[PDB]
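*Asks:* Below is one structure. I have some questions about it.
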Amino acid sequence: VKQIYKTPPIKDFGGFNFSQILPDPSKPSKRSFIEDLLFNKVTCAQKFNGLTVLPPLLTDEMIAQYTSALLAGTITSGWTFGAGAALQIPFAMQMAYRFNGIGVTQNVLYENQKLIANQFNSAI
Amino acid sequence: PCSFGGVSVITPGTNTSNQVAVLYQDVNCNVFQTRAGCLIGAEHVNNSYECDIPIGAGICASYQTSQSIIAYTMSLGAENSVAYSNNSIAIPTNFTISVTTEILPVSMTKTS
Amino acid sequence: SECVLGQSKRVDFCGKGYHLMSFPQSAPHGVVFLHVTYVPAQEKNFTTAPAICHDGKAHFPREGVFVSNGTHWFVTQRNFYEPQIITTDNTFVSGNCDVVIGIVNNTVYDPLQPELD
Amino acid sequence: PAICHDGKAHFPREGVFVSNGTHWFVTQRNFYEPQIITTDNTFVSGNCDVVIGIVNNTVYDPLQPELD
Amino acid sequence: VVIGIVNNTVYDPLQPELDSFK
């Protein structure tokens, strides 16, 4: 992102639940249950003459909504947010769009969706 | 042992100003305390900005409004996303060719 | 040898966006790559059908996506918006509708209907 | 291979001509869709022989009815 | 609207059908 993107305030989910990526407020950073779990399992007297371990540029607290900034990217355009303008673009035909190259078609999703959104929530 | 010492210095730049900021890393001590350490020479806020200079433990600082150094919890992004529908998206209609630039290092000097 | 020669498929490996082409330039101890990417800007919403269970009989796109303004139905492709009329030449077959519940009802165009007369 | 209606064959456009054993369809390798095979999913380029092992079928004539 | 177009005829499978199907 060339523009500091974003994260939704409305949980209009109704068949999905976009709330494990888009964070719960339970933790002080923007790192909820899923991001409480991919960091917290990544498991001095040394420094008596100078030898530390350097920290890189982006430590733990820009990317827990910069990855929302890409979550405000890669579903909000699909790809095209990145080098220019972007506004809203939805998902459950993006749950068919990139599937319009996989060999299979658009309304493999749309119709048995109220099973398949549950199965894609079984993919949650 | 007592003098558990690591001492750090912050400046926005010679060409900008000369007021500085001093970071002490390892003391439970304007003064502002971080897990990175005990910081003196800036002001904490509640605001949100990109990082300019890393401090440690999720702290960065910059030079804002007269004007001085302010350090802060470093921002992460703004707010909105997909208005999801179970049956919608659009195309992107109008497009834009653009050019970015990437740089790679080829070779250094063959010094014997 | 994968951005300048050839047209890759690798995003964040040939610049930023869908890689189109590549212009290399020399540099002091360096190589500089220009990049051309197709990154569109302006969009909308659109509204779909599930399908067209036309003769009691469903319909699939070939390579793209059915949409509508809300009344007129349009077949189009994935990345640029050229709405077209849903023909039989944009559909194939594979077997019965309503073991897949959740379709809607519509028509498909079939260009023979003026031809013999 | 083909539906052979009018002395000329009706070809794999980008489907391919499938069956349960009695009645006939034309599928892809990916998902599931009924239709009626008509004149505008079918097309000709000559007779019914040059590829190996063809089958037989007619093509419907949907402008024959609506003049009566 | 497009540059460099040439002007030619396109063959049709359907034009030898109406003379066959009479």
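To be explicit about the labels: the chains of the structure tokens are called A, B, and onward in the order shown, and within each one the residues are counted from 1, while ligands get numbers from 1 in the order they are shown.
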Neighbours of residue 54 (chain A) within 12 Å (only C-alpha atoms; same-chain residues fewer than 5 positions away dropped), as an NGL selection string?
*Replies:* (:A and (59)) or (:B and (54-57))
*Asks:* Excluding residue 61 (chain D) and its own-chain neighbours fewer than 4 positions away, which residues fall within 9 Å of it when counting only C-alpha atoms? Please give them as a list in words.
*Replies:*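 Near neighbours after the sequence-gap exclusion: residues 38, 39 and 65 of chain D.
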*Asks:* Give me the residues near residue 75 (chain B) as number ranges by chain, where near means some atom within 10 Å (using only C-alpha atoms) and where sequence neighbours in that chain fewer than 5 positions away do not count.
*Replies:* A: 4, 61-66; B: 47-51, 58-60
*Asks:* Output C-alpha atoms for every residue in the selection just made, as a CSV table (one decimal), in the first residue's frame.
*Replies:*
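The result, written out as again35.csv:
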```
chain,number,residue,atom,x,y,z
A,4,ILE,CA,-2.3,4.0,4.8
A,61,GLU,CA,2.9,-2.6,16.2
A,62,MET,CA,2.4,-1.2,12.8
A,63,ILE,CA,1.5,-4.3,10.9
A,64,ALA,CA,-1.5,-5.5,13.0
A,65,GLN,CA,-3.5,-3.0,11.0
A,66,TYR,CA,-1.1,-2.6,8.1
B,47,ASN,CA,-2.2,10.1,18.4
B,48,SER,CA,-1.3,8.0,15.4
B,49,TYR,CA,1.6,8.5,13.1
B,50,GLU,CA,3.9,6.4,10.9
B,51,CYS,CA,7.3,5.5,12.3
B,58,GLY,CA,6.6,-0.5,19.6
B,59,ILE,CA,7.7,3.1,20.0
B,60,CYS,CA,8.7,5.6,17.4
```
*Asks:* Please, which residues of chain D lie no more than 7 Å from chain C when the count uses only C-alpha atoms, and can they be set out as a list in words?
*Replies:* residues 15, 25, 26, 27, 31, 32, 33, 34, 35, 39, 40, 41 and 63 of chain D
*Asks:* Write the residues of the preceding selection, restricted to N, CA, C and O atoms, as a PDB file, in the first residue's frame.
*Replies:*
```
ATOM      1  N   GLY D  15     -16.519 -27.337 -24.639  1.00  0.00           N
ATOM      2  CA  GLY D  15     -17.003 -28.484 -23.916  1.00  0.00           C
ATOM      3  C   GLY D  15     -16.736 -29.742 -24.714  1.00  0.00           C
ATOM      4  O   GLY D  15     -16.191 -29.702 -25.818  1.00  0.00           O
ATOM      5  N   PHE D  25     -24.942 -35.056 -23.224  1.00  0.00           N
ATOM      6  CA  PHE D  25     -24.560 -33.735 -22.726  1.00  0.00           C
ATOM      7  C   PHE D  25     -23.146 -33.383 -23.185  1.00  0.00           C
ATOM      8  O   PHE D  25     -22.528 -34.103 -23.969  1.00  0.00           O
ATOM      9  N   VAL D  26     -22.643 -32.237 -22.724  1.00  0.00           N
ATOM     10  CA  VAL D  26     -21.362 -31.699 -23.171  1.00  0.00           C
ATOM     11  C   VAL D  26     -20.718 -30.877 -22.047  1.00  0.00           C
ATOM     12  O   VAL D  26     -21.127 -29.743 -21.778  1.00  0.00           O
ATOM     13  N   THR D  27     -19.695 -31.431 -21.402  1.00  0.00           N
ATOM     14  CA  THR D  27     -19.258 -30.883 -20.118  1.00  0.00           C
ATOM     15  C   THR D  27     -17.846 -30.301 -20.156  1.00  0.00           C
ATOM     16  O   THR D  27     -17.103 -30.426 -21.138  1.00  0.00           O
ATOM     17  N   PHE D  31     -17.574 -28.255 -12.878  1.00  0.00           N
ATOM     18  CA  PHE D  31     -18.821 -28.260 -12.108  1.00  0.00           C
ATOM     19  C   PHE D  31     -20.017 -28.480 -13.044  1.00  0.00           C
ATOM     20  O   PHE D  31     -19.828 -28.866 -14.195  1.00  0.00           O
ATOM     21  N   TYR D  32     -21.248 -28.191 -12.557  1.00  0.00           N
ATOM     22  CA  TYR D  32     -22.467 -28.947 -12.911  1.00  0.00           C
ATOM     23  C   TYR D  32     -23.643 -28.042 -13.351  1.00  0.00           C
ATOM     24  O   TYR D  32     -24.025 -27.133 -12.611  1.00  0.00           O
ATOM     25  N   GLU D  33     -24.251 -28.294 -14.539  1.00  0.00           N
ATOM     26  CA  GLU D  33     -25.095 -27.305 -15.250  1.00  0.00           C
ATOM     27  C   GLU D  33     -26.027 -27.826 -16.351  1.00  0.00           C
ATOM     28  O   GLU D  33     -25.543 -28.194 -17.422  1.00  0.00           O
ATOM     29  N   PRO D  34     -27.350 -27.902 -16.174  1.00  0.00           N
ATOM     30  CA  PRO D  34     -28.175 -28.451 -17.277  1.00  0.00           C
ATOM     31  C   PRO D  34     -28.469 -27.419 -18.360  1.00  0.00           C
ATOM     32  O   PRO D  34     -28.552 -26.228 -18.076  1.00  0.00           O
ATOM     33  N   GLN D  35     -28.658 -27.881 -19.606  1.00  0.00           N
ATOM     34  CA  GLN D  35     -29.181 -27.053 -20.696  1.00  0.00           C
ATOM     35  C   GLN D  35     -29.943 -27.894 -21.708  1.00  0.00           C
ATOM     36  O   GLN D  35     -30.147 -29.099 -21.538  1.00  0.00           O
ATOM     37  N   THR D  39     -28.892 -24.844 -31.653  1.00  0.00           N
ATOM     38  CA  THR D  39     -28.100 -24.465 -32.820  1.00  0.00           C
ATOM     39  C   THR D  39     -26.989 -23.477 -32.507  1.00  0.00           C
ATOM     40  O   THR D  39     -26.113 -23.267 -33.351  1.00  0.00           O
ATOM     41  N   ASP D  40     -27.017 -22.839 -31.348  1.00  0.00           N
ATOM     42  CA  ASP D  40     -26.051 -21.789 -31.084  1.00  0.00           C
ATOM     43  C   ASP D  40     -25.130 -22.121 -29.917  1.00  0.00           C
ATOM     44  O   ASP D  40     -24.436 -21.231 -29.413  1.00  0.00           O
ATOM     45  N   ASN D  41     -25.147 -23.373 -29.456  1.00  0.00           N
ATOM     46  CA  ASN D  41     -24.000 -24.000 -28.814  1.00  0.00           C
ATOM     47  C   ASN D  41     -23.292 -24.976 -29.742  1.00  0.00           C
ATOM     48  O   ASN D  41     -22.304 -25.597 -29.332  1.00  0.00           O
ATOM     49  N   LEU D  63     -36.407 -22.659 -34.974  1.00  0.00           N
ATOM     50  CA  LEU D  63     -37.186 -21.660 -35.703  1.00  0.00           C
ATOM     51  C   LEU D  63     -38.195 -22.341 -36.628  1.00  0.00           C
ATOM     52  O   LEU D  63     -39.041 -21.676 -37.240  1.00  0.00           O
TER      53      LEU D  63
END
```
*Asks:* Please identify all polymer residues within 10 Å of residue 53 (chain B), counting only C-alpha atoms, omitting same-chain residues fewer than 5 positions from it, and present them as a PyMOL selection string.
*Replies:* (chain A and resi 57) or (chain B and resi 10-12+59-62+71)
*Asks:* Filtering to C-alpha atoms, could you give me those residues as a PDB file, in the first residue's frame?
*Replies:*
```
ATOM      1  CA  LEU A  57      12.568  -1.313  11.613  1.00  0.00           C
TER       2      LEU A  57
ATOM      3  CA  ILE B  10      17.718  10.683  19.175  1.00  0.00           C
ATOM      4  CA  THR B  11      17.783  13.565  16.740  1.00  0.00           C
ATOM      5  CA  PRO B  12      15.538  14.477  13.807  1.00  0.00           C
ATOM      6  CA  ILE B  59       7.750   3.104  20.050  1.00  0.00           C
ATOM      7  CA  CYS B  60       8.717   5.611  17.362  1.00  0.00           C
ATOM      8  CA  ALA B  61       9.241   9.362  17.335  1.00  0.00           C
ATOM      9  CA  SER B  62       9.240  12.315  14.972  1.00  0.00           C
ATOM     10  CA  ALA B  71       7.231   9.866  20.748  1.00  0.00           C
TER      11      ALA B  71
END
```
*Asks:* Would you work out the distance separating CA of residue 71 (chain C) from CA of residue 107 (chain C), expressed in Å to one decimal?
*Replies:*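 Result for CA of residue 71 (chain C) versus CA of residue 107 (chain C): 12.3 Å, one decimal.
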*Asks:* Would you list the contacts of residue 20 (chain E) as a list in words, taking every protein, DNA or RNA residue within 10 Å and counting only C-alpha atoms, but skipping same-chain residues closer than 4 positions in sequence?
*Replies:*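 Near neighbours after the sequence-gap exclusion: residues 6 and 7 of chain D; 14, 15 and 16 of chain E.
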*Asks:* Tell me the residues of chain B close to chain A, meaning within 10 Å using only C-alpha atoms, as an MDAnalysis selection string.
*Replies:* chainID B and resid 1 3:6 49:60 73:92 95:100
*Asks:* Would you output that residue set with N, CA and C atoms, as a short mmCIF file (atom, residue, chain, number, x, y, z; two decimals), in the first residue's frame?
*Replies:*
```cif
data_model
loop_
_atom_site.label_atom_id
_atom_site.label_comp_id
_atom_site.auth_asym_id
_atom_site.auth_seq_id
_atom_site.Cartn_x
_atom_site.Cartn_y
_atom_site.Cartn_z
N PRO B 1 25.17 -6.60 40.13
CA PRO B 1 25.77 -5.45 39.45
C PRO B 1 24.74 -4.36 39.22
N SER B 3 25.42 -0.91 37.28
CA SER B 3 25.47 -0.06 36.09
C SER B 3 25.11 -0.89 34.86
N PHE B 4 23.83 -1.22 34.76
CA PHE B 4 23.34 -2.02 33.65
C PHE B 4 23.01 -0.99 32.58
N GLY B 5 24.01 -0.63 31.77
CA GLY B 5 23.87 0.60 31.01
C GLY B 5 23.89 0.48 29.50
N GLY B 6 22.82 0.97 28.87
CA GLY B 6 22.78 1.15 27.43
C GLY B 6 22.07 2.45 27.13
N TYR B 49 0.74 8.09 14.14
CA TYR B 49 1.61 8.51 13.05
C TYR B 49 2.46 7.35 12.56
N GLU B 50 2.96 7.43 11.34
CA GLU B 50 3.92 6.44 10.88
C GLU B 50 5.22 6.55 11.65
N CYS B 51 6.00 5.48 11.63
CA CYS B 51 7.30 5.53 12.27
C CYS B 51 8.26 6.33 11.42
N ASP B 52 9.16 7.03 12.10
CA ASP B 52 10.25 7.71 11.42
C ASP B 52 11.53 7.08 11.92
N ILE B 53 11.69 7.02 13.24
CA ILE B 53 12.88 6.47 13.86
C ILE B 53 12.44 5.41 14.86
N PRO B 54 12.92 4.18 14.76
CA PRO B 54 12.55 3.17 15.74
C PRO B 54 13.20 3.44 17.08
N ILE B 55 12.48 3.10 18.14
CA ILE B 55 12.96 3.22 19.50
C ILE B 55 13.09 1.85 20.15
N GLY B 56 12.12 1.00 19.94
CA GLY B 56 12.05 -0.31 20.55
C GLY B 56 10.68 -0.47 21.17
N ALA B 57 10.26 -1.73 21.30
CA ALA B 57 9.05 -2.15 22.02
C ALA B 57 7.79 -1.50 21.47
N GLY B 58 7.80 -1.17 20.19
CA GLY B 58 6.64 -0.52 19.62
C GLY B 58 6.57 0.96 19.93
N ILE B 59 7.70 1.66 19.88
CA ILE B 59 7.75 3.10 20.05
C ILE B 59 8.52 3.70 18.88
N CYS B 60 7.99 4.77 18.30
CA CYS B 60 8.72 5.61 17.36
C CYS B 60 8.47 7.08 17.66
N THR B 73 2.93 5.65 20.68
CA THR B 73 2.60 4.34 20.16
C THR B 73 2.40 4.45 18.66
N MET B 74 3.24 3.75 17.92
CA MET B 74 3.32 3.90 16.48
C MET B 74 2.10 3.31 15.80
N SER B 75 1.59 4.05 14.82
CA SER B 75 0.28 3.79 14.24
C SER B 75 0.33 2.57 13.36
N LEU B 76 -0.84 2.14 12.93
CA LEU B 76 -0.92 0.88 12.23
C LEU B 76 -1.78 0.97 10.99
N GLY B 77 -2.66 1.96 10.90
CA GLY B 77 -3.55 2.10 9.76
C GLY B 77 -4.82 2.86 10.12
N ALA B 78 -5.57 3.19 9.08
CA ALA B 78 -6.83 3.92 9.20
C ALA B 78 -7.99 2.92 9.28
N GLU B 79 -9.22 3.34 8.98
CA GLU B 79 -10.35 2.43 9.18
C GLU B 79 -11.50 2.52 8.15
N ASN B 80 -11.67 1.41 7.40
CA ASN B 80 -12.84 0.87 6.70
C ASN B 80 -12.41 -0.45 6.03
N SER B 81 -13.36 -1.24 5.57
CA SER B 81 -13.02 -2.32 4.65
C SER B 81 -14.20 -2.62 3.75
N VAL B 82 -14.18 -3.82 3.21
CA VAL B 82 -15.23 -4.38 2.38
C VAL B 82 -16.58 -4.29 3.08
N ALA B 83 -17.51 -3.60 2.43
CA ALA B 83 -18.92 -3.87 2.67
C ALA B 83 -19.24 -5.19 1.99
N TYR B 84 -19.17 -6.27 2.75
CA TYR B 84 -19.44 -7.59 2.23
C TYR B 84 -20.90 -7.75 1.85
N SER B 85 -21.13 -8.34 0.70
CA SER B 85 -22.42 -8.93 0.41
C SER B 85 -22.17 -10.38 0.07
N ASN B 86 -23.14 -11.23 0.36
CA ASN B 86 -23.05 -12.61 -0.09
C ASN B 86 -23.27 -12.75 -1.59
N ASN B 87 -23.56 -11.65 -2.28
CA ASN B 87 -23.84 -11.72 -3.71
C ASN B 87 -23.34 -10.50 -4.48
N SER B 88 -22.23 -9.89 -4.08
CA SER B 88 -21.81 -8.71 -4.83
C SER B 88 -20.29 -8.61 -4.94
N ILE B 89 -19.85 -7.99 -6.04
CA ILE B 89 -18.58 -7.28 -6.20
C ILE B 89 -18.75 -6.38 -7.42
N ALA B 90 -17.79 -5.47 -7.71
CA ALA B 90 -17.65 -4.91 -9.05
C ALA B 90 -16.36 -5.32 -9.74
N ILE B 91 -16.21 -4.84 -10.96
CA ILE B 91 -14.96 -4.75 -11.70
C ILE B 91 -14.25 -3.51 -11.20
N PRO B 92 -12.93 -3.41 -11.31
CA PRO B 92 -12.30 -2.10 -11.48
C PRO B 92 -12.41 -1.65 -12.93
N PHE B 95 -8.31 2.29 -15.50
CA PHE B 95 -7.04 1.78 -15.03
C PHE B 95 -5.92 2.78 -15.25
N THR B 96 -4.75 2.45 -14.71
CA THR B 96 -3.62 3.36 -14.76
C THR B 96 -2.33 2.57 -14.84
N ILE B 97 -1.61 2.75 -15.94
CA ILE B 97 -0.25 2.25 -16.02
C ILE B 97 0.62 3.08 -15.10
N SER B 98 1.45 2.43 -14.31
CA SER B 98 2.37 3.15 -13.46
C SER B 98 3.72 2.47 -13.48
N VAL B 99 4.73 3.18 -12.99
CA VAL B 99 6.10 2.68 -12.97
C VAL B 99 6.66 2.83 -11.58
N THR B 100 7.03 1.72 -10.97
CA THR B 100 7.84 1.76 -9.77
C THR B 100 9.28 1.42 -10.10
#
```
*Asks:* Write out as a ChimeraX atom specification the residues lying within 7 Å of residue 35 (chain C), counting only C-alpha atoms and excluding same-chain residues fewer than 3 positions away.
*Replies:* /B:99-101 /C:15,21-23
*Asks:* Tell me, as an MDAnalysis selection string, which residues lie within 12 Å of residue 28 (chain B), counting only C-alpha atoms; anything in the same chain fewer than 6 positions away does not count.
*Replies:* chainID B and resid 4 34:39
*Asks:* Give the alpha helix (DSSP H) residues of chain A, as assigned by DSSP on the backbone, as number ranges by chain.
*Replies:* A: 63-71, 94-97, 113-121
*Asks:* Show me, as an mmCIF file with N, CA, C and O atoms, in the first residue's frame, the residues of chain A whose atoms get within 8 Å of chain D, using only C-alpha atoms for the distance check.
*Replies:*
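What follows is the written file part-v7.cif:
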```
data_model
loop_
_atom_site.group_PDB
_atom_site.id
_atom_site.type_symbol
_atom_site.label_atom_id
_atom_site.label_comp_id
_atom_site.auth_asym_id
_atom_site.auth_seq_id
_atom_site.Cartn_x
_atom_site.Cartn_y
_atom_site.Cartn_z
ATOM 1 N N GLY A 103 -10.675 -22.944 -13.541
ATOM 2 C CA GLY A 103 -11.317 -23.971 -14.325
ATOM 3 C C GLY A 103 -12.789 -24.118 -14.022
ATOM 4 O O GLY A 103 -13.549 -24.586 -14.877
ATOM 5 N N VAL A 104 -13.208 -23.720 -12.829
ATOM 6 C CA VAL A 104 -14.585 -23.896 -12.413
ATOM 7 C C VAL A 104 -15.238 -22.528 -12.495
ATOM 8 O O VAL A 104 -14.581 -21.541 -12.836
ATOM 9 N N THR A 105 -16.531 -22.454 -12.246
ATOM 10 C CA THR A 105 -17.232 -21.242 -12.627
ATOM 11 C C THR A 105 -17.631 -20.408 -11.416
ATOM 12 O O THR A 105 -17.360 -20.735 -10.258
ATOM 13 N N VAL A 108 -20.508 -21.744 -8.831
ATOM 14 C CA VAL A 108 -20.235 -22.841 -7.919
ATOM 15 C C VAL A 108 -20.434 -22.360 -6.505
ATOM 16 O O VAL A 108 -20.857 -23.118 -5.624
#
```
*Asks:* What are the closest atom pairs, with distances in Å to one decimal, for all residues of chain E lying within 9 Å of chain C? Consider only C-alpha atoms, order rows by chain and residue number, and present the result as a Markdown table.
*Replies:*
```
| residue | atom | partner | partner_atom | distance |
| --- | --- | --- | --- | --- |
| E:18 | CA | C:116 | CA | 7.0 |
| E:21 | CA | C:116 | CA | 9.0 |
| E:22 | CA | C:116 | CA | 9.0 |
```
*Asks:* Compile the residues of chain C that lie within 12 Å of chain B, evaluated using only C-alpha atoms, and express the compilation as a VMD selection string.
*Replies:* chain C and resid 3 12 to 51 64 to 70 75 to 83 102 to 103
*Asks:* Between CA of residue 73 (chain C) and CA of residue 86 (chain C), what is the spacing in Å?
*Replies:*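 Result for CA of residue 86 (chain C) versus CA of residue 73 (chain C): 7.4 Å, one decimal.
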*Asks:* So what do you get for CA of residue 42 (chain D) versus CA of residue 11 (chain D), distance-wise?
*Replies:*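 Computed distance, CA of residue 42 (chain D) to CA of residue 11 (chain D), equals 6.5 Å.
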